[PDB]
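Notes to accompany the following structure.
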Amino acid sequence: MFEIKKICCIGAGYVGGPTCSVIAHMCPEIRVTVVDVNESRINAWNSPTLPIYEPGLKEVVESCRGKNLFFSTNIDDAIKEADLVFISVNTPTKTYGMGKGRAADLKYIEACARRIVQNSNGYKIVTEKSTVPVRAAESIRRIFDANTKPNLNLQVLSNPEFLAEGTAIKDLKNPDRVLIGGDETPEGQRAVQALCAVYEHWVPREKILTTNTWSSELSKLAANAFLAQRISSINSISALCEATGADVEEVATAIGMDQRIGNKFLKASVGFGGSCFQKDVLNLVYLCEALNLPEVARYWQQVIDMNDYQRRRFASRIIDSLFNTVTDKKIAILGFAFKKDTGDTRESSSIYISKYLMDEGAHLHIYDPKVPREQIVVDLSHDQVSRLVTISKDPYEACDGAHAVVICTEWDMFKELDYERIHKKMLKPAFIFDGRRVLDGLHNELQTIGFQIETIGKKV
Amino acid sequence: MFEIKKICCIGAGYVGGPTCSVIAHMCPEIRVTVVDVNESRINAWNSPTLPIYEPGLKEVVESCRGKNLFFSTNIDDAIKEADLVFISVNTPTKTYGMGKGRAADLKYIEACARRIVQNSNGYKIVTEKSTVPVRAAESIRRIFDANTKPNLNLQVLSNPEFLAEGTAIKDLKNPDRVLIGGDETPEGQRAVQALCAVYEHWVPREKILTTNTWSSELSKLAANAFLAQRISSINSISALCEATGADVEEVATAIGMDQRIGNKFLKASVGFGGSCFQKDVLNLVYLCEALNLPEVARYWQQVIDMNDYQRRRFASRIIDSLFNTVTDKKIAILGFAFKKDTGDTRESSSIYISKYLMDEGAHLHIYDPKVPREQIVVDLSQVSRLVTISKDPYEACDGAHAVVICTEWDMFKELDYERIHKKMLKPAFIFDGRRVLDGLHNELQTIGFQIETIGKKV
Amino acid sequence: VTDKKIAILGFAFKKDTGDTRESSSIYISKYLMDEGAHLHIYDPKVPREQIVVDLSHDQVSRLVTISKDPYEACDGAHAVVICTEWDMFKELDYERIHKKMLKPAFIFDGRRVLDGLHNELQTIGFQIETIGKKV
Ligand SMILES: O=c1ccn([C@@H]2O[C@H](COP(=O)(O)OP(=O)(O)O[C@H]3O[C@H](CO)[C@@H](O)[C@H](O)[C@H]3O)[C@@H](O)[C@H]2O)c(=O)[nH]1
Ligand SMILES: O=c1ccn([C@@H]2O[C@H](COP(=O)(O)OP(=O)(O)O[C@H]3O[C@H](CO)[C@@H](O)[C@H](O)[C@H]3O)[C@@H](O)[C@H]2O)c(=O)[nH]1
């Protein structure tokens, strides 16, 4: 009855950090070491202020770091001394070659695999842990099969993480379900059981689903695409609301009361973001094209096309509402993160709205509570960032002297802003573009204040 | 407080009929009369055997027919007498004009509004209650605006119906929500409250949604589109599973367990049928095209296209497995209804699979416990040469090359497959389009069957 | 194939000549170059300078190397791509080539020259793929 005592995780990211921190917290007698090549990131995980923002993570991490949980960058000894090894690195979409701008680049998963083999002896369980697993588990096993040592016995499992950034701790503390994939051998089922026992410390038996490696990845690929589809479906409906004169918040409620559909993920928005959804759908389309399933690839493609359209339509409305020029006009961008309560910008619609407006000559003022200043400048370029982009220290700075305020991220605090103060210093007429619906019910207040408030899924 | 006391309902179909029979049942003190042009149909609504099969429906109707609920062809008098007039007539898709085979025809709706006006005096609330409402309430209000009598005071309302056929009685007795669309006038809100108060007899107040006319019709369209998309998405995954050795049922479980997705409506199938989904999606597309939203049109069009693909892929697998020749080969089709526990065959998947096989010259033998023989011969119209309606499943499999399962009748598991296989031609194939035979796989294989099912391949 | 060493054995359009004009080796090389591979080309007769010319419009500087013998082209390589039927390629020491390759070690026989060598190469440990025949 193999029991896991030492866990090494390769990847100190939004997935790896939080996951292992909870595993450490819930399991005191099992030592968990998180390793990364990025010294900066590891130093931060060891300091008072962490490298990522996640509600509740500070308490989790500080309650068992140095008792039971470690951060090292010494990848070699952690691997050597471990029973289970997570691979939680990133898989960027390729920038050249076939599958450019679509297919996932497995160059880090492979390099990891290769290093494990170099530093491993005896038995070890290697589990692939990611948001979007694209032929991950197979790649690893392919490396291990071909690079065997004497008395080395490596098992490959799949274990896709379902956490959502912003609510990671809650999700990791109480997940809808846990998904472990491993070979339908007896070698095999034993490694699955041994990981199953890890989770059985805080997740009950019948919430842990055990299937085969591939099924597990296909399950994650599909699940991510279904959720992405809901957001796009309601976003499509939001477009229809605007041309006909209904409310998408109202239409969404009517929909959501059907228990077969359910009421979650029906908030219309400027466009879904994050390192998952788009990457997931593009890789699902690519997979399908490779298996000669054009019809299926054509079907899921629409989830991307619709998201693009949502972003582009919202943008045109801004320029449209400002007499078809924003040249030399000051515009405030409130919220830069892809979603609330996180520092992460990857694939954020704020990045897209900002760029589209800069191309029309707007002087932007960006504010976000938790996105670092340096990140914003990177995202927004590839010098024009010098001329047009300023980074504000508070919302009211971004708004002073501004022709319009664009809300891109549903930060709670945005509802709580002093709007009498903001209107007073804006140039008139002052516009608010709510790309998140966060200012519903506030309509009347804001109009009477003198605003021309334009929001998605509702047209004047 | 305007109190409704007499209800008339033009259209006694799979919607008009049950809905009214339940309204009547829930409210003893209010008279419900259901009218229809079709004489044959109205006589069946009064007879021991109803014109539609729907579980629970018989005990419900025969608890208040001739007492609170009446069924009559005398339309002109039910209207004259009623405070509330439901419009539950079918809207076939236009066979000609701009938007042939896409848009819905509003000629029956328009001839109702004309009939209403003639036989109407005083205040009356007119309510459009259908499953795919397309600009419906706006066509009615428009006829009312044009033809104005002295002291006529008609109020138009939208009350779409969320019942699923085969579980209609449950869905009506205990709905998820009721949706009432009225004009944002005070005239208006008085009209909405009266109807709201009819439902308050059995429906809790926080399950009744009040909105304007259009916001109600758009929500219905969306609502049916969202469900159809669910089936098509899991169907697409089924194709991908067959190409890669996974199981769509196992995948649907893992997907379903996410509380933000929901576990309902993720059963992969030969494809969705019903008088709703296909009509509903195509209409949404047509609207979007009309409003200059080609982006939105193309998106929802993928729900229909995936469904066409799933059906066609299923048809090809059958043909393929029989060496690409099915001339004079007996095939059993089990299940002609679009779903289980109904006799409705509108847009049924079994129609399309059947016709594909028929194009290959196959001799078809069809069985359904509830679908009228005549309905099958109409739906497939060659008929004389290839199609036979079987009176029991075993006479459909006697000497057949393949058994094809299209409807999820509970009677289809539990068949004596020992007996079926003995009299079948080998190789004996079973094509399970509904996953009804799950679990039984090993039994069927040792019996000697080659069992093929959607979302899983050898 | 970013940063992956791959040996290109043969660059001539066919055996017993140094002519490279419209050789498949130029295309296979360019396709693998677009993947960011580090190519090490060997040919017994094709001049070194002619190769770099055929592989040009800087991408060459970063990605191409010309090998003086086959064994340096394969030393630490991920795959051996045979593109020209030089008789010498059948005669190579594939025991030696393997011990210094990165695994999985691949041989892509574009010319069918390693026929009848398949069992020796498999037991040695190569995953040998050829045209006109698949696993
Ligand atoms: O109703 C909604 C919900 C979300 N979004 C947007 O979509 C994006 C994604 O949000 P979310 O899904 O919560 O963040 P993720 O961290 O990407 O998490 C999702 O994707 C993860 C992998 O990234 C899965 O593991 C999780 O289960 C799933 O919740 C955000 O930009 C949101 O604004 C909407 O527009 N409307
Ligand atoms: O997981 C599933 C569920 C259903 N179906 C099929 O989809 C079609 C339609 O199913 P169903 O929705 O149950 O029948 P409907 O009578 O069309 O009912 C739906 O459509 C109505 C409008 O027609 C709405 O009012 C209802 O709320 C909605 O449940 C049928 O052929 C089913 O077999 C599947 O293939 N897979």
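Would you confirm whether any residue within the range A:82-92 is within 14 Å of chain C (Cβ to nearest Cβ) and on the phi < 0 side of the Ramachandran plot?
yes
The residue list B:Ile87, B:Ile30, B:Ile75, B:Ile52 contains one member that is surrounded by 18 or more Cβ atoms within 10 Å (Cβ to Cβ) and under 25 Å from B:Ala337 (Cα atoms), which is B:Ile52. The residue list B:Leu357, B:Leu380 contains one member that is touching a helix residue (DSSP H, G or I) at 6+ places or on another chain (Cβ under 7 Å), in the same structural domain as B:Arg311 (by CATH), of a type in the set (A, V, I, L, M) and closer than 16 Å to B:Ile319 by Cα, which is B:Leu357. Annotation note: of A:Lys393, A:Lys339, the sole residue that is away from ligand 2 (no atom under 16 Å from the Cβ) and within 14 Å of chain B (Cβ to nearest Cβ) is A:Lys339.
Here the condition is being more than 12 Å from ligand 2 (Cβ to nearest atom), at negative phi, more than 10 Å from chain A (Cβ to nearest Cβ) and among the aliphatic types (A, V, I, L, M); of B:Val285, B:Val281, it holds for B:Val285 alone. Counting only residues that are buried (at least 19 other Cβ atoms within 10 Å of the Cβ) and within 24 Å of the chain's Cα centre (by Cα), which one in the range B:107-125 is nearest to ligand 2 (Cβ to nearest atom)? Only one residue tops the list, namely B:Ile109. Show the residue pairs meeting these rules: Cβ distance below 6 Å; 6+ apart or different chains; first residue within the range A:163-174 and farther than 15 Å from A:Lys58 by Cβ and more than 16 Å from ligand 2 (Cβ to nearest atom); second residue among the polar types (S, T, N, Q) and in a helix (DSSP H, G or I). Going by the 6 Å Cβ cut-off, there are no qualifying pairs. Applying the condition of being surrounded by fewer than 22 Cβ atoms within 10 Å (Cβ to Cβ) and within 17 Å of B:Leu322 (Cα to Cα) to the range B:420-440 and asking which residue is farthest from ligand 2 (Cβ to nearest atom) yields B:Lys426.
B:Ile331 falls short on exactly one of the conditions (1) surrounded by fewer than 24 Cβ atoms within 10 Å (Cβ to Cβ); (2) more than 13 Å from chain A (Cβ to nearest Cβ); (3) not charged (D, E, K, R), and that condition is (1). None of B:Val37, B:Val32, B:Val22 is among the β-branched types (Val, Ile, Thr) and part of a loop (DSSP other than H, G, I, E, B) except B:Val37. Got a number for residues in the range B:201-249 being more than 7 Å from every other protein chain (Cβ to nearest Cβ) and within 30 Å of B:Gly188 (Cβ to Cβ)? Residues that pass the stated criteria total 17. Selection of the range A:254-292 for residues being within 10 Å of ligand 1 (Cβ to nearest atom), among the charged types (D, E, K, R) and surrounded by fewer than 21 Cβ atoms within 10 Å (Cβ to Cβ) yields A:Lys264, A:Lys267.
Of all residues in the range A:390-416, which are of a type outside the set (D, E, K, R) and within 10 Å of A:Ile331 (Cα to Cα)?
Listed by number, the residues that qualify are A:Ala398, A:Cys399, A:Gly401, A:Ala402, A:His403, A:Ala404, A:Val405, A:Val406.
Pairing each residue of the range A:297-312 that is facing chain B (nearest Cβ under 8 Å) with any residue that is surrounded by fewer than 19 Cβ atoms within 10 Å (Cβ to Cβ), provided the two are 6+ apart or on different chains, yields C-beta distances under 6 Å for A:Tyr309/B:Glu295.
In the range A:344-365, the residues that are over 26 Å from A:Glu165 (Cα atoms) reach residues that are away from ligand 2 (no atom under 16 Å from the Cβ) and acidic (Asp, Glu) with C-beta atoms within less than 9 angstrom, at least six apart or across chains, in these pairs: A:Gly361/A:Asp328; A:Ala362/A:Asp328; A:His363/A:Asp328.
Residues that are more than 7 Å from every other protein chain (Cβ to nearest Cβ) and part of a loop (DSSP other than H, G, I, E, B) within the range A:250-269 comprise A:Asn263, A:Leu266, A:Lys267, A:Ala268, A:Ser269, listed in sequence order. Among the conditions (1) more than 18 Å from A:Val22 (Cβ to Cβ); (2) surrounded by fewer than 17 Cβ atoms within 10 Å (Cβ to Cβ), the only one that A:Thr93 does not satisfy is (2).
Heads up, the Cβs are rebuilt from the backbone with ideal geometry, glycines too, and the neighbour counts pull from every protein chain shown. Numbers and lists here come from the model and the stated rules, or from a named source; no laboratory instrument gave them.
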